[PDB]
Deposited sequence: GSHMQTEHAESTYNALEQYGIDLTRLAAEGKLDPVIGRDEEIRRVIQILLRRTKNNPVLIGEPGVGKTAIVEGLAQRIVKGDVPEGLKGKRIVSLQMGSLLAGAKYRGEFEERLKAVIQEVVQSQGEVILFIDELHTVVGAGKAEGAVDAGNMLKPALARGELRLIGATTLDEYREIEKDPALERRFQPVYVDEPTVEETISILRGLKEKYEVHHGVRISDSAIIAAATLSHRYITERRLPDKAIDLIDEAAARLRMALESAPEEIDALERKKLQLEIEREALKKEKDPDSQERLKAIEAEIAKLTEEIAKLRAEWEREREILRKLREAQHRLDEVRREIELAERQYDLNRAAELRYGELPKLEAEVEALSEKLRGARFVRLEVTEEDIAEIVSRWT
C-alpha cells in the first residue's frame, strides 16, 4: 500500500486522538474547507513562513473531519500527508522515486475523491526534484485533490506555471500575535508538562511569547515560543535528575577538607576530621530527604500521565456520542485525578530540593543565549 508506505494518515491519527490540540485558526480552517468543496481550483495551498502553523491548520481540519464537523462533501474524507523522506529512502536508481510517487497518485485517484493528499514543502515536489508532470493530469481532470504548504517566495515560482495557478488556491497564513501565541501555549501546556514531568507557570508562557517575539526575530511565532518552553521544561527535568546544588556544595566542601588532610598541627587535623564527619552526616540526611521528595515527584508524574489519558478517553467518548462513558469519566475519575495532581504539586511547592515549575526566569536565561 503506497499511501501507508509513503504517507501518514492524519485522519487516522485524529480518530485515535493522537494529534495535539489546535487553538484558533478557525478562519483559516473554514477557508480550506470552503476551497476543497469547489468544483475548480479546489486545491488550497497554505503559504506562510516556517513555524507559523500551516501543518497545524491541516491537523485541525483532520480533527474536524473525524468529529464530523464538516459539510457533507467532506464527511468520511481522509487526509494523507506525503512523506518525502520515505519516498527517497533507498531509491538508488533513476525511476524508483518516480515509480513510488505514481503508485501514491494512482491510489489517491482510485479512492475517487475520498483521499486528499497533503503535501508539505510543496516546492520540493513541484518545481526544479521535479514531479509536476505526474500530478498535473490528475489535477486537470479533478480526480485528485491536494492541500499544499509552502513559503511565499517559493510559491512565486510555482505560480509562474500557468497550469498550476488555475488549480491551486493561495491561502496566506500570517504569524499569530503574542496574545494568540499565549493562547496557543496555554492550550499546549499540559502536553509539555506531561512529557517532561514538570509544571509550567503561566508567567513562563507569557515570557516565552513576549521575549521570543521581541528578541528572536529570525524565527516565527508560535514555533519559537513553544521551543523556549520545551527547552526550559527539558532542562528543568534534567536538573531534577541530577544532584541538587545544596547537597553538591557540602560534597565539594568535604573534598577540600579531604585534600587538606593529605597535607597535614594536630589541633588542625582533629578539627577537620570532625568537620568531614559532620558533612558526611549532613549529606546522609539531605539525601534521604531528597529521595522522599523524588518519590512525591514520581507519584505526581504518574498522576499526570493518568490525567492525560482520561482527557483523551473523554474526548473520544464525546466524539462517539457515548454519553454514559463521557459522564462516567467527567464526574468520577477526572476530578479525582485533577485533585491528586493539584495536591501533589502543592506538596512540592514547599520542597527543599525539587523545584517543580518552569519560571519566567528560566525563559529569560535561554533567551539571553
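If you line the structure up with the deposited chain, the stretches without a C-alpha atom are 1-13, 142-147, 284-290, 396-397.
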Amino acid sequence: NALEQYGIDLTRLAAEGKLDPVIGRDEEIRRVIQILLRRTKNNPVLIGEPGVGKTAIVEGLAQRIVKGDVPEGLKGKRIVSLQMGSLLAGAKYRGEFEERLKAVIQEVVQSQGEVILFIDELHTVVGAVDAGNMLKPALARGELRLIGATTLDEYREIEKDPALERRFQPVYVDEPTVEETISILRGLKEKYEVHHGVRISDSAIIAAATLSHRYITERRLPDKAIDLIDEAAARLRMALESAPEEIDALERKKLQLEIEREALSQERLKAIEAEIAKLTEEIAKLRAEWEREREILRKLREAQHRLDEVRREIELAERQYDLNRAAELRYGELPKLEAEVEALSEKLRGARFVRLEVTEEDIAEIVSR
From here on, numbers count along this sequence of modelled residues.
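The PDB entry reports B-factors from which the mean C-alpha value can be compared for 53-61 and 332-340; the larger average falls on 332-340.
Just going by the entry, 345-353 versus 19-27 on mean CA temperature factor gives the higher value to 345-353. Of the candidates 180, 281, 120, 230, the PDB record gives 281 the highest C-alpha temperature factor. Across 223, 154, 202, 193, the greatest Cα temperature factor reported in the deposited entry is at 154.
Ranked by C-alpha B-factor against the other modelled residues of its chain, residue 144 falls in the middle third. In the PDB entry, a CA B factor belonging to the lowest third of its chain's modelled residues is recorded for residue 304.
When the modelled residues of the chain are ordered by their C-alpha B factor, residue 3 lands in the middle third.
Ranked against the other modelled residues of its chain, the C-alpha B-factor of residue 124 as given in the entry falls in the highest third. In the deposited entry, the Cα temperature factor of residue 101 sits in the middle third of values across the chain's modelled residues.
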